[PDB]
Structures are given as C-alpha cells and as structure tokens.
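Source file model-v4.cif; content: mmCIF, C-alpha atoms and all ligand atoms.
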```
data_coords
#
loop_
_atom_site.label_atom_id
_atom_site.label_comp_id
_atom_site.auth_asym_id
_atom_site.auth_seq_id
_atom_site.Cartn_x
_atom_site.Cartn_y
_atom_site.Cartn_z
CA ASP L 1 -27.59 -2.78 0.15
CA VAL L 2 -26.32 -4.56 3.30
CA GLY L 3 -29.13 -7.11 3.75
CA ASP L 4 -30.78 -7.66 7.12
CA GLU L 5 -27.64 -8.48 9.13
CA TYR L 6 -26.12 -4.96 9.07
CA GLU L 7 -27.13 -1.35 9.73
CA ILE L 8 -25.58 1.65 8.00
CA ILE L 9 -24.08 4.48 10.05
CA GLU L 10 -22.32 7.14 7.96
CA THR L 11 -20.56 7.39 4.61
CA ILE L 12 -16.74 7.57 4.76
CA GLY L 13 -16.01 7.86 1.05
CA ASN L 14 -17.84 7.95 -2.25
CA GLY L 15 -15.49 8.83 -5.12
CA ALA L 16 -13.99 6.30 -7.49
CA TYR L 17 -15.71 2.98 -8.25
CA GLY L 18 -16.62 2.32 -4.61
CA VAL L 19 -18.77 3.56 -1.73
CA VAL L 20 -17.36 3.07 1.77
CA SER L 21 -19.87 3.29 4.63
CA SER L 22 -19.50 2.48 8.33
CA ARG L 23 -21.96 -0.03 9.72
CA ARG L 24 -22.89 -2.25 12.63
CA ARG L 25 -23.60 -5.97 12.60
CA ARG L 26 -27.12 -6.15 14.01
CA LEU L 27 -26.64 -9.30 16.10
CA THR L 28 -23.20 -8.61 17.57
CA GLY L 29 -22.98 -4.82 17.55
CA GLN L 30 -19.44 -4.87 16.16
CA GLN L 31 -18.79 -1.87 13.94
CA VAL L 32 -17.29 -2.46 10.50
CA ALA L 33 -16.79 -0.82 7.12
CA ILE L 34 -18.88 -1.88 4.10
CA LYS L 35 -17.34 -1.25 0.65
CA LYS L 36 -19.71 -1.38 -2.31
CA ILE L 37 -17.93 -2.05 -5.61
CA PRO L 38 -20.52 -1.20 -8.28
CA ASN L 39 -20.42 -2.49 -11.84
CA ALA L 40 -17.56 -4.65 -10.62
CA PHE L 41 -17.50 -6.88 -13.71
CA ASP L 42 -17.72 -4.26 -16.46
CA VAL L 43 -14.10 -3.10 -16.77
CA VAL L 44 -11.88 -6.18 -17.19
CA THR L 45 -8.98 -4.38 -15.49
CA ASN L 46 -11.23 -3.40 -12.57
CA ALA L 47 -12.54 -6.94 -12.12
CA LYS L 48 -9.00 -8.28 -12.35
CA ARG L 49 -7.89 -5.84 -9.63
CA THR L 50 -10.87 -6.77 -7.44
CA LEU L 51 -10.19 -10.51 -7.67
CA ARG L 52 -6.55 -9.70 -6.90
CA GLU L 53 -7.55 -7.72 -3.82
CA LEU L 54 -9.95 -10.34 -2.50
CA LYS L 55 -7.31 -13.06 -2.78
CA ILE L 56 -4.54 -10.99 -1.20
CA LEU L 57 -6.78 -10.06 1.74
CA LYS L 58 -8.06 -13.60 2.24
CA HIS L 59 -4.44 -14.80 2.27
CA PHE L 60 -3.17 -12.41 4.97
CA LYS L 61 -4.05 -12.83 8.67
CA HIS L 62 -2.15 -10.06 10.40
CA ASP L 63 -3.09 -7.34 12.87
CA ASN L 64 -1.42 -4.57 10.78
CA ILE L 65 -3.24 -5.61 7.57
CA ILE L 66 -6.92 -4.86 7.03
CA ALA L 67 -9.00 -8.02 7.24
CA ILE L 68 -12.12 -9.06 5.37
CA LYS L 69 -14.78 -9.91 7.96
CA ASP L 70 -17.63 -10.64 5.54
CA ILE L 71 -18.49 -10.71 1.83
CA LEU L 72 -22.16 -10.35 0.94
CA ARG L 73 -23.43 -13.32 -1.04
CA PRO L 74 -24.95 -12.72 -4.50
CA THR L 75 -28.60 -11.73 -3.86
CA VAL L 76 -29.43 -11.71 -7.60
CA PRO L 77 -29.13 -14.16 -10.49
CA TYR L 78 -25.55 -14.77 -11.61
CA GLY L 79 -25.90 -12.70 -14.77
CA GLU L 80 -27.61 -9.94 -12.82
CA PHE L 81 -24.99 -9.86 -10.02
CA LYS L 82 -23.23 -6.50 -10.45
CA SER L 83 -22.48 -4.93 -7.01
CA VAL L 84 -19.96 -6.57 -4.64
CA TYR L 85 -20.16 -5.76 -0.91
CA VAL L 86 -16.99 -6.29 1.17
CA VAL L 87 -17.11 -5.88 4.97
CA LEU L 88 -13.74 -4.85 6.47
CA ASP L 89 -12.26 -3.67 9.75
CA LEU L 90 -13.57 -0.24 10.65
CA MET L 91 -10.76 2.20 11.37
CA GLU L 92 -11.24 5.72 12.61
CA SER L 93 -8.98 7.74 10.29
CA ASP L 94 -5.98 7.43 7.98
CA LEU L 95 -2.37 8.52 8.35
CA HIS L 96 -2.95 11.38 5.91
CA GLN L 97 -5.56 13.14 8.05
CA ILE L 98 -3.28 12.63 11.05
CA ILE L 99 -0.28 14.21 9.34
CA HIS L 100 -2.26 17.07 7.78
CA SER L 101 -4.63 17.98 10.63
CA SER L 102 -4.63 19.74 14.01
CA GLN L 103 -3.97 16.63 16.09
CA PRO L 104 -0.83 15.64 18.01
CA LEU L 105 1.89 13.80 16.11
CA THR L 106 4.79 13.32 18.50
CA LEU L 107 8.04 11.48 17.79
CA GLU L 108 6.51 8.61 19.77
CA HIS L 109 3.43 8.64 17.54
CA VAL L 110 5.80 8.51 14.56
CA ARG L 111 7.83 5.71 16.14
CA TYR L 112 4.82 3.50 16.88
CA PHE L 113 3.18 4.15 13.52
CA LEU L 114 6.43 3.30 11.73
CA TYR L 115 6.83 0.17 13.86
CA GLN L 116 3.41 -1.20 12.91
CA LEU L 117 3.95 -0.26 9.24
CA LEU L 118 7.23 -2.19 9.09
CA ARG L 119 5.69 -5.13 10.99
CA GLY L 120 2.88 -5.46 8.47
CA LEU L 121 5.45 -5.00 5.70
CA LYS L 122 7.70 -7.78 7.04
CA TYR L 123 4.79 -10.21 7.10
CA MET L 124 3.71 -9.10 3.63
CA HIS L 125 7.11 -9.27 1.89
CA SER L 126 7.70 -12.73 3.35
CA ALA L 127 4.72 -13.81 1.18
CA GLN L 128 6.40 -12.49 -2.00
CA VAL L 129 3.90 -9.60 -2.18
CA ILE L 130 4.92 -6.04 -3.09
CA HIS L 131 2.40 -3.33 -2.22
CA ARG L 132 3.83 -0.82 -4.75
CA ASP L 133 1.32 1.90 -3.80
CA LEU L 134 2.00 2.81 -0.17
CA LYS L 135 0.97 6.27 1.07
CA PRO L 136 -0.56 7.90 4.17
CA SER L 137 -4.03 7.79 2.60
CA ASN L 138 -3.51 4.00 2.39
CA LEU L 139 -2.59 3.53 6.09
CA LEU L 140 -5.68 3.26 8.30
CA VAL L 141 -5.52 4.10 12.01
CA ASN L 142 -7.80 4.25 15.04
CA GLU L 143 -7.92 6.08 18.37
CA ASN L 144 -5.41 3.78 20.07
CA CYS L 145 -2.86 4.59 17.33
CA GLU L 146 -3.21 1.14 15.78
CA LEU L 147 -2.27 0.95 12.09
CA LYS L 148 -3.57 -1.33 9.32
CA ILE L 149 -2.31 -1.47 5.72
CA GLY L 150 -5.04 -1.59 3.09
CA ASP L 151 -5.89 -1.26 -0.61
CA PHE L 152 -3.42 -3.54 -2.50
CA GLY L 153 -4.86 -2.84 -5.96
CA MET L 154 -1.24 -2.20 -7.03
CA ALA L 155 0.38 -5.24 -5.37
CA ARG L 156 2.19 -7.55 -7.76
CA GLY L 157 4.79 -10.02 -6.48
CA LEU L 158 8.30 -10.96 -7.51
CA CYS L 159 7.99 -12.13 -11.13
CA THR L 160 8.07 -9.30 -13.68
CA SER L 161 8.00 -10.71 -17.20
CA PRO L 162 8.30 -8.16 -20.01
CA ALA L 163 5.32 -6.63 -18.20
CA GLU L 164 7.74 -3.87 -17.18
CA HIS L 165 6.43 -1.82 -20.09
CA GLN L 166 3.09 -2.06 -18.26
CA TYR L 167 4.81 -0.26 -15.38
CA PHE L 168 6.38 2.16 -17.89
CA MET L 169 2.98 3.68 -18.72
CA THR L 170 0.32 3.48 -16.03
CA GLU L 171 -1.94 5.97 -14.32
CA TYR L 172 -0.66 7.61 -11.12
CA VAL L 173 -2.64 10.62 -9.87
CA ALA L 174 -0.81 12.24 -6.95
CA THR L 175 0.71 8.77 -6.53
CA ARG L 176 4.15 9.49 -7.98
CA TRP L 177 5.06 11.25 -4.72
CA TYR L 178 5.97 7.90 -3.13
CA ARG L 179 6.73 5.93 -6.30
CA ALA L 180 10.05 4.10 -5.99
CA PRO L 181 12.92 5.21 -8.28
CA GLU L 182 13.09 1.78 -9.94
CA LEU L 183 9.51 2.42 -11.15
CA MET L 184 10.04 6.07 -12.01
CA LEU L 185 13.05 5.00 -14.10
CA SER L 186 11.95 1.45 -15.06
CA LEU L 187 15.20 -0.03 -13.74
CA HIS L 188 13.85 -3.60 -14.21
CA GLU L 189 14.58 -4.42 -10.55
CA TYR L 190 11.14 -4.91 -8.99
CA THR L 191 11.33 -6.43 -5.50
CA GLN L 192 9.88 -5.66 -2.08
CA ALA L 193 12.50 -2.89 -1.76
CA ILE L 194 10.01 -0.81 -3.80
CA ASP L 195 7.85 -0.52 -0.71
CA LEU L 196 10.80 0.53 1.42
CA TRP L 197 11.34 3.63 -0.71
CA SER L 198 7.76 4.64 0.00
CA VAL L 199 8.20 3.88 3.70
CA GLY L 200 11.09 6.32 3.85
CA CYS L 201 8.92 8.92 2.12
CA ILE L 202 6.15 8.28 4.62
CA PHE L 203 8.67 8.33 7.49
CA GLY L 204 10.04 11.76 6.63
CA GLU L 205 6.50 12.97 6.01
CA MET L 206 5.67 12.11 9.61
CA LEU L 207 8.88 13.78 10.77
CA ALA L 208 8.28 17.21 9.21
CA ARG L 209 4.52 16.71 8.70
CA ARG L 210 4.94 17.66 5.04
CA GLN L 211 5.47 15.55 1.94
CA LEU L 212 9.13 14.94 1.14
CA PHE L 213 9.06 14.60 -2.67
CA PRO L 214 5.94 16.41 -3.99
CA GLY L 215 6.53 16.49 -7.74
CA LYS L 216 4.00 18.50 -9.77
CA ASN L 217 4.74 16.27 -12.78
CA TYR L 218 6.91 13.32 -13.74
CA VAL L 219 9.98 15.42 -14.54
CA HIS L 220 9.44 17.61 -11.49
CA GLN L 221 9.21 14.46 -9.36
CA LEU L 222 12.59 13.26 -10.65
CA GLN L 223 14.07 16.73 -10.13
CA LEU L 224 12.91 16.86 -6.51
CA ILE L 225 14.23 13.37 -5.76
CA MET L 226 17.60 14.34 -7.22
CA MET L 227 17.93 17.74 -5.50
CA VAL L 228 18.18 15.82 -2.22
CA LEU L 229 19.64 12.42 -3.10
CA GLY L 230 22.11 14.00 -5.52
CA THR L 231 22.88 12.98 -9.07
CA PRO L 232 22.15 9.26 -9.64
CA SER L 233 25.11 6.98 -10.20
CA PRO L 234 26.49 5.70 -13.53
CA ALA L 235 25.03 2.21 -13.13
CA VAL L 236 21.55 3.54 -12.34
CA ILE L 237 21.55 5.89 -15.33
CA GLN L 238 22.64 2.99 -17.53
CA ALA L 239 19.79 0.87 -16.18
CA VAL L 240 17.06 3.44 -16.93
CA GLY L 241 14.44 1.99 -19.24
CA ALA L 242 13.57 4.91 -21.52
CA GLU L 243 16.58 6.35 -23.34
CA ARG L 244 14.93 9.77 -23.13
CA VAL L 245 14.94 9.79 -19.32
CA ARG L 246 18.58 8.70 -19.41
CA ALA L 247 19.42 11.51 -21.83
CA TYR L 248 17.75 14.17 -19.67
CA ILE L 249 19.45 12.91 -16.51
CA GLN L 250 22.86 12.83 -18.22
CA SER L 251 22.23 16.35 -19.57
CA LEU L 252 22.05 17.47 -15.84
CA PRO L 253 24.99 18.96 -13.84
CA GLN L 254 25.48 15.93 -4.59
CA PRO L 255 23.42 14.30 -1.82
CA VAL L 256 22.25 16.67 0.91
CA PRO L 257 22.71 15.14 4.39
CA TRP L 258 19.50 14.15 6.11
CA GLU L 259 20.36 16.22 9.20
CA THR L 260 20.18 19.17 6.79
CA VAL L 261 16.93 18.03 5.14
CA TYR L 262 15.31 17.55 8.56
CA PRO L 263 17.33 19.86 10.82
CA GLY L 264 17.01 18.74 14.42
CA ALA L 265 15.43 15.31 13.96
CA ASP L 266 15.90 12.33 16.27
CA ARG L 267 19.33 10.94 15.40
CA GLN L 268 18.12 7.33 15.21
CA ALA L 269 15.06 8.30 13.18
CA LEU L 270 17.30 9.84 10.52
CA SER L 271 19.63 6.83 10.66
CA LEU L 272 16.75 4.57 9.67
CA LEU L 273 15.47 7.14 7.14
CA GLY L 274 18.85 7.26 5.41
CA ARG L 275 18.87 3.48 5.34
CA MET L 276 15.54 3.65 3.46
CA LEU L 277 15.86 6.47 0.89
CA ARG L 278 18.41 5.33 -1.69
CA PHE L 279 18.39 5.06 -5.49
CA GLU L 280 19.70 1.49 -5.68
CA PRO L 281 17.06 -0.99 -4.43
CA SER L 282 19.81 -3.34 -3.22
CA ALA L 283 21.11 -0.57 -0.96
CA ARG L 284 17.85 -0.27 0.99
CA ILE L 285 17.20 -1.97 4.30
CA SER L 286 14.70 -4.81 4.48
CA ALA L 287 11.56 -4.50 6.58
CA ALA L 288 12.96 -7.18 8.90
CA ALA L 289 16.25 -5.37 9.48
CA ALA L 290 14.41 -2.08 9.95
CA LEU L 291 12.42 -3.64 12.78
CA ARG L 292 15.74 -4.25 14.57
CA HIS L 293 17.00 -0.70 14.08
CA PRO L 294 17.68 1.28 17.28
CA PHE L 295 14.91 3.75 16.39
CA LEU L 296 12.35 1.01 17.10
CA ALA L 297 13.99 -0.61 20.15
CA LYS L 298 10.98 0.51 22.19
CA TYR L 299 8.71 -1.96 20.36
CA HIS L 300 10.97 -4.52 18.66
CA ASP L 301 9.89 -8.06 19.57
CA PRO L 302 11.20 -11.04 17.57
CA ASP L 303 8.51 -13.45 18.85
CA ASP L 304 5.76 -11.12 17.62
CA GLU L 305 6.94 -10.10 14.12
CA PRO L 306 5.92 -13.18 12.17
CA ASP L 307 6.55 -14.05 8.57
CA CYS L 308 3.68 -15.36 6.42
CA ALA L 309 3.66 -18.87 4.93
CA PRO L 310 2.93 -20.09 2.30
CA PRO L 311 3.91 -17.38 -0.20
CA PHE L 312 1.25 -15.71 -2.31
CA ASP L 313 0.75 -17.05 -5.85
CA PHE L 314 -0.12 -14.58 -8.62
CA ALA L 315 -0.67 -17.27 -11.30
CA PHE L 316 -4.43 -16.66 -11.23
CA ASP L 317 -3.65 -13.01 -12.00
CA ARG L 318 -1.06 -13.60 -14.72
CA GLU L 319 -3.30 -15.55 -17.11
CA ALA L 320 -5.51 -13.54 -19.43
CA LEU L 321 -9.04 -14.29 -18.21
CA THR L 322 -12.22 -13.28 -19.97
CA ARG L 323 -14.59 -10.98 -18.12
CA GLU L 324 -16.79 -14.01 -17.50
CA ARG L 325 -14.09 -16.17 -15.92
CA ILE L 326 -13.00 -13.25 -13.71
CA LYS L 327 -16.59 -12.79 -12.48
CA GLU L 328 -16.77 -16.56 -11.93
CA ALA L 329 -13.60 -16.45 -9.82
CA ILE L 330 -14.90 -13.53 -7.73
CA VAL L 331 -18.16 -15.33 -6.95
CA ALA L 332 -16.13 -18.43 -6.12
CA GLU L 333 -14.09 -16.22 -3.79
CA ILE L 334 -17.20 -15.10 -1.93
CA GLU L 335 -18.43 -18.67 -1.51
CA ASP L 336 -14.98 -19.84 -0.39
CA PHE L 337 -14.91 -17.09 2.22
CA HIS L 338 -18.23 -18.30 3.55
CA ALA L 339 -16.60 -21.75 3.59
CA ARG L 340 -13.89 -20.58 6.05
CA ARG L 341 -16.01 -19.12 8.88
CA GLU L 342 -18.37 -16.19 8.25
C1 LIG L 401 -14.94 8.06 10.39
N1 LIG L 401 -14.59 8.90 9.26
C2 LIG L 401 -15.27 10.17 9.40
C3 LIG L 401 -13.15 9.10 9.27
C4 LIG L 401 -12.43 8.13 8.33
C5 LIG L 401 -11.82 8.58 7.16
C6 LIG L 401 -11.17 7.67 6.33
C7 LIG L 401 -11.13 6.32 6.66
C8 LIG L 401 -11.74 5.88 7.83
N2 LIG L 401 -11.77 4.49 8.23
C9 LIG L 401 -11.83 3.38 7.29
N3 LIG L 401 -12.13 2.19 7.77
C10 LIG L 401 -12.22 1.13 6.99
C11 LIG L 401 -11.96 1.27 5.64
CL1 LIG L 401 -12.09 -0.17 4.61
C12 LIG L 401 -11.65 2.53 5.17
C13 LIG L 401 -11.32 2.84 3.71
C14 LIG L 401 -10.69 4.07 3.33
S1 LIG L 401 -10.47 4.08 1.73
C15 LIG L 401 -11.14 2.67 1.31
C16 LIG L 401 -11.15 2.16 -0.14
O1 LIG L 401 -11.15 1.00 -0.33
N4 LIG L 401 -11.14 3.07 -1.28
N5 LIG L 401 -11.17 4.31 -1.15
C17 LIG L 401 -10.94 4.87 -2.40
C18 LIG L 401 -12.21 5.29 -3.16
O2 LIG L 401 -13.32 4.50 -2.93
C19 LIG L 401 -13.58 4.29 -1.58
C20 LIG L 401 -12.42 4.73 -0.69
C21 LIG L 401 -11.59 1.98 2.48
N6 LIG L 401 -11.57 3.55 6.00
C22 LIG L 401 -12.39 6.79 8.65
#
```

Can you give me the file's structure in the form of structure tokens?
Amino acid sequence: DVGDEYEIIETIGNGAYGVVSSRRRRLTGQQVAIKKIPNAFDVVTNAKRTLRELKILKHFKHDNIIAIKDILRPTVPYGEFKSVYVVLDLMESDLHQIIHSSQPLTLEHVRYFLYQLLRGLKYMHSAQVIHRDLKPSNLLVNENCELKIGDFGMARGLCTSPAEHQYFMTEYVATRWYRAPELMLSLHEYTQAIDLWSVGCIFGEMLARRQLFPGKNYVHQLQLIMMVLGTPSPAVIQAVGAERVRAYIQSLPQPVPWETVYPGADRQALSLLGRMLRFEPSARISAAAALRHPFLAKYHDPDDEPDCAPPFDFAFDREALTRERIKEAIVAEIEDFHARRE
C-alpha cells in the first residue's frame, strides 16, 4: 500500500471511495495521513473530481488549508494503475467531533476556530475558488486548536455557464444543512459569498453546539431557513430558478432577531453572525471584512492574512475529457508534484 517509506498506524475512515489511515514516514518520523483512492479512474466524474482536488491542493500553500506532502508514484504499468495514494497533513480530529462531543468548546475556542476558518477562506477566495461544501466534518483540527480546511471536491470558481442546471440537481446527503440559499434556490449568483453562508451556519453551530438549519428534506430545509430569516424578499423570489419553488414560497404567509435565536450570546459574535446569514449574497460580509470585525480583534493581523496569487484556473476542469485523458492528467500531476520537492 504505502511502499517502504511509510508505516501504517490506524485507520481514520473507510466509507466512500477512499480509505484514510494515519502513518509515519520511516526516515523522518513525521506523522501524516495516507488517503487511498481506489478505482480512481473508473467513474469519469470521480476522476474529474480527483484531478480537481489534486490541482486545488497543489495550488494552495496556506497554514489553514490541508497540504499534500506526498503522492505515491505509480508502482504498476500505466494501464494497471488503479489506486492513488495521497499523503496529507495529519490532524487529530474534526470540528464536528469537537462540537458534538464531551470536550470543552468555550467562546474563545469558537473565536479562534472562526478566525482560522476565515483566514483560510480569505486566501482561498482571493484565488477565485469557492469551496461550496463547507461543514464541521470538513474542518480538521488538532490538539493546539489549529484548523485546516480540506476536501474541495465541490469547489468550482467564479464562472458558471449554463452549468447552473448542474447545481439544480446534484446529490447532497446531509449536506443541504449548510447549502447557501443561492444554491437551494438556484439564484444564478454563484460567488465566494456562498461559502460565507456556510460559515455563518458553522458559526452558530459552535455557539449553541447544535446545527442551526437541520432540514430533514429539501422543503424542510427551506422552511427552517425561512422560520428564522423571515419571508424572502420580492427580488429573491423572482430570481428563483425553478418556478415550482417560487410558487411554493409565494403560497407562504418576519426575521427573528439573532439575540432571540441565540439568547445570551456574545454581542460581537452575533454581530458577525448577522453579517453572515442573509438571503442576498451581495448582503453578506466578505472573508476579508469579517477578519476585521470586532469579534476577532484578539487575532486580527493584516500582515499575516495573505491573499493568494495567481488565481486558480478551472479551464482544465471545464473541458470534457475522456477517462483516459483525465487519468493521464492525474499521473502528470503526481510526477509534477515530485518535480517540486518531495
Ligand atoms: C485520530 N482519529 C481517531 C481521529 C480523527 C478523526 C477524523 C479525522 C482525523 N484527522 C485527519 N487527518 C488528516 C486527514 Cl486527510 C483526515 C481526513 C478526514 S476525512 C478525509 C477524506 O478525504 N474523506 N473522507 C470521506 C470518506 O473517505 C475518507 C474520509 C481525510 N483526517 C482524525
């Protein structure tokens, strides 16, 4: 599995099309995570997502974004190469376990976690990359309370051709809980503000240590969102993609203050929260401006919240590539990685 240069420790996850084990580099002793992606070239959409992920990760160099530390070279003939091994930063837990466990989660924990999330997000949005699928299970953390953003299978970027119908109908299992309203309602406004909606959801979830908008189904999700944010505005309703969603929403009979949603919460925390959770994307705060909000004064540092240049190009992802060309690009990605340190 891991060749001679690593040693396996324990399995961290096995479901889905990947195994995640913790390991140690034999020569250095550094601990890492090894992700096996089996049958990585069978399902064109899977291989596309994988190539997407490898490129996004190789592009980012940022302490709050998981880094690729090694990619195992193909140990079998090209045509026989079917399992991809990606070595990543080993983290100790994820924000979900923290929120839904027996461990401390003080307002200072919440403040520092939010700070690192928004710092990663500032660097990431400056590269024209939208994560689109943020959630506590996607935020990795260690003992010191350091946070790293991961995954990225769902990241897309700023251009949205009439591939908005693609967003119309896609699979989201338990993942509509943080899905931005513009995606729930296909408002055809797909920018980095998407992520900010989720951040708000995550923020409140740290505050009360319970999910904010836990819809049991699509319609229930919309109903929950509305019971708090109040009836959406005329313009929003008119921008909804599917006439049927519009009709249901119009066939419905006010916003509840956030001090009432989270009675007794840090004033500044709820200030930021309210700046995040709004229907109109344009009305949300940017990651950059959030980092300057009073709630984060403890950690704000303008010389240590860098943008990322150059921006990230999704052209490779936009073109329809055969299975073969996708596999070719992934192998080229591995070799390129080994061409930029090891
Ligand atoms: C030590 N342990 C008992 C506690 C624990 C619990 C959860 C996480 C971690 N740390 C960690 N460090 C590095 C990485 Cl990279 C990951 C990781 C999580 S999820 C994932 C992925 O890519 N996909 N997931 C979806 C389905 O397939 C595989 C998983 C990669 N986690 C530690």

Check which residues of chain L sit at most 9 Å from ligand LIG 401 (chain L) using all atoms listed in the file, and return one row each with the closest pair of atoms and their distance in Å to one decimal, ordered by chain and rising number, as CSV.
```
residue,atom,partner,partner_atom,distance
L:10,CA,L:LIG401,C2,7.8
L:11,CA,L:LIG401,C2,7.7
L:12,CA,L:LIG401,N1,5.2
L:13,CA,L:LIG401,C19,5.1
L:14,CA,L:LIG401,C19,5.7
L:15,CA,L:LIG401,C18,5.2
L:16,CA,L:LIG401,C18,4.8
L:17,CA,L:LIG401,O2,6.0
L:18,CA,L:LIG401,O2,4.3
L:19,CA,L:LIG401,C19,5.2
L:20,CA,L:LIG401,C19,5.2
L:21,CA,L:LIG401,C11,8.2
L:22,CA,L:LIG401,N3,7.4
L:32,CA,L:LIG401,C10,7.1
L:33,CA,L:LIG401,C10,5.0
L:34,CA,L:LIG401,CL1,7.0
L:35,CA,L:LIG401,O1,6.7
L:36,CA,L:LIG401,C19,8.4
L:37,CA,L:LIG401,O2,8.4
L:66,CA,L:LIG401,CL1,7.4
L:67,CA,L:LIG401,CL1,8.8
L:68,CA,L:LIG401,CL1,8.9
L:86,CA,L:LIG401,CL1,8.6
L:87,CA,L:LIG401,CL1,7.6
L:88,CA,L:LIG401,CL1,5.3
L:89,CA,L:LIG401,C10,5.5
L:90,CA,L:LIG401,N3,4.0
L:91,CA,L:LIG401,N3,3.9
L:92,CA,L:LIG401,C22,4.3
L:93,CA,L:LIG401,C22,3.9
L:94,CA,L:LIG401,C7,5.4
L:97,CA,L:LIG401,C5,7.8
L:137,CA,L:LIG401,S1,7.5
L:138,CA,L:LIG401,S1,7.0
L:139,CA,L:LIG401,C14,8.6
L:140,CA,L:LIG401,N2,6.2
L:141,CA,L:LIG401,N2,7.3
L:142,CA,L:LIG401,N2,7.9
L:150,CA,L:LIG401,CL1,7.4
L:151,CA,L:LIG401,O1,5.7
```

Inset, instruction - List the residues sitting within 12 Å of (-3.8, -12.7, -15.4) in the file's frame, using all atoms listed in the file, as a PyMOL selection string. - result: chain L and resi 44-45+47-49+51-52+156+163+313-323+325-326+329

Legend entry - Distance criterion (all atoms listed in the file): nearest to residue 251 (chain L) out of L:100, L:287, L:239, L:231: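 Under the stated criterion, the closest residue is L:231.
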
Legend entry - Point-to-point distance from CA of residue 235 (chain L) to CA of residue 217 (chain L), Å rounded to tenths: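 Separating CA of residue 235 (chain L) from CA of residue 217 (chain L) is a distance of 24.7 Å.
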
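In this structure, CA of residue 183 (chain L) sits 17.2 Å away from CA of residue 202 (chain L).
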
Inset, instruction - Rank L:311, L:306, L:241, L:79 by their smallest atom-to-atom distance to residue 64 (chain L), using all atoms listed in the file, and report the top residue only. - result: L:306

Inset, instruction - For CA of residue 243 (chain L) and CA of residue 185 (chain L), determine how far apart the two atoms are, in Å to one decimal place. - result: 10.0 Å

Inset, instruction - Please check which residues have atoms at most 7 Å from (8.0, -9.1, -7.3) in the file's coordinates, counting all atoms listed in the file, and write them as a PyMOL selection string. - result: chain L and resi 128-130+156-160+190-192

Inset, instruction - Would you mind telling me which residue in L:131, L:25, L:109, L:246 lies nearest to residue 186 (chain L) when using all atoms listed in the file? - result: L:246

Inset, instruction - Name the closest residue to residue 242 (chain L) among the candidates L:296, L:167, L:290, L:305; distances are taken between atoms, counting only C-alpha atoms. - result: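 Of L:296, L:167, L:290, L:305, the one nearest residue 242 (chain L) is L:167, counting only C-alpha atoms.
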
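Each of L:206, L:276, L:249, L:8 was compared to residue 262 (chain L) using all atoms listed in the file, and L:206 turns out to be the nearest.
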